[PDB]
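Just the one chain here, the form deposited in one PDB entry, laid out as structure tokens.
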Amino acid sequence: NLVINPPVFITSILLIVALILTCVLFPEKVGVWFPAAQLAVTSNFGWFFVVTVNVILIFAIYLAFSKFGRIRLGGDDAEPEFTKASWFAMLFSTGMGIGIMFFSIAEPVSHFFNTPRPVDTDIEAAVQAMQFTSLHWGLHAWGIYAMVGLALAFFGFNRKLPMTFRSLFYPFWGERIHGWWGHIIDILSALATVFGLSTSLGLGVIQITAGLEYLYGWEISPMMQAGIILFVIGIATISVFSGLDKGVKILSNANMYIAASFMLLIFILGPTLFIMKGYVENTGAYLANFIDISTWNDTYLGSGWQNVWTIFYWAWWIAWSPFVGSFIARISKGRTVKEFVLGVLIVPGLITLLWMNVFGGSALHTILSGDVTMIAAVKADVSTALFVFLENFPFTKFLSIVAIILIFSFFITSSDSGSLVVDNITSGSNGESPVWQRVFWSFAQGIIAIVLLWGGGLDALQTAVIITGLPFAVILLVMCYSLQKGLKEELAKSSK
């Protein structure tokens, strides 16, 4: 069929097509325009990104510990479909850990040899690297995700509105969200979702290509990368055509089991005691200097370090929100607002910090021992780092194959989930859309990832996600205030 939203489907399709045509028809003009635009946006609005993420996290904490914390999503009589532990495990499944696998070793090592701030000795460099990795992957990312998921769940369960970003502004837009005011927000949400998913797909493909090159010595041309992307998208859409939700839903739990086994293997075969001590000490130091690193803007040095690491991560989380928050809201019916915020903030953040310690802190322990091949490997390219890390463990080939397969399956699950989210947002059917729409959205994500990889690689992904996450940072602030207003309305309506 053609179950679409005419103002959203059309606008998103021609915007994506126009960007693709600009990228391909202008091979060299875009290669200089994109870095300039990304640099301008980062330099002029890093303070705004920092303020946005801090305000969103503070708002989530305040909502958890206020009179709104007793509000139960889906109604007062609504009952959770899962237990607390299973819900926590499921919450540490919407994180889409392709970036986790890409950065777990690369980011701490890069911060070690390219320090955010000047340090005296290597010990302080390692501590700072762990602190900034914790900042980038800790409370702020999951706070943004918790806020967006809470808004979506409250407006799709308590208010019965469709779980689309246009409805999230109902409290002070009234019925005005039906044309060129909720349409623009819907278009921006679809674009930000598509570009965050394309960034993740490109990261996964880059890491898979690097792993194949490192293991089997192959020469993976960009045409081979495009063929890989097309093959994976096709094999993911085959499940959508025939056999929906299987074996894709079970893949989401198989991925978590495999990732837990991988992390446990690295924890046991690595410096286990060092990993535990470093986990405790690094979490304590991250919480101790939380306000210092969260509000840091590199004002006086002006090194431009945040333009690639911190501002990029904030923009990535903000642009990824309409997807991670959507899947967080889908599985969270019957939870109270306080319990929801706590269970999205603490446990997923703690597990992310544990993974970051087990991998990056072990890498830094290896580096501090005098083994600096990993620093050179990261400097040469950021993609191979994990595999170089696995060179320091038994069963290096088996571990690398397992990691590549894990990245492959994460890519499949993220592609399917993002196609579902983008189709639901754009069409507005919320489940009544045909299969071909989801297949086309998967194709669009794959094509955008291919085009970005050809026209810059990782830099193109960073540029796209930052550019599409700035206006969505504004939208997220407005959405946070709208969610507060809606929670006030619900509290006033109840407690008669």
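Counting begins at 1, following the sequence as shown. Note that the rigid core is defined as the largest set of C-alphas that superpose within 1.5 Å between two forms.
Keep in mind that the form deposited in another entry is not shown, yet the notes after this line are about it.
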| query | finding |
| --- | --- |
| Rigid-core-referenced C-alpha movement of 2 Å or more between this form and the one not shown, selected from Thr295, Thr299, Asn253, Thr83 | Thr83 |
| Core fit, then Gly95 C-alpha moves 2 Å or more between this form and the one not shown | yes |
| Change in CA distance between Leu212 and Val248 in the other form, which is 3 Å or more, as closer or farther | farther |
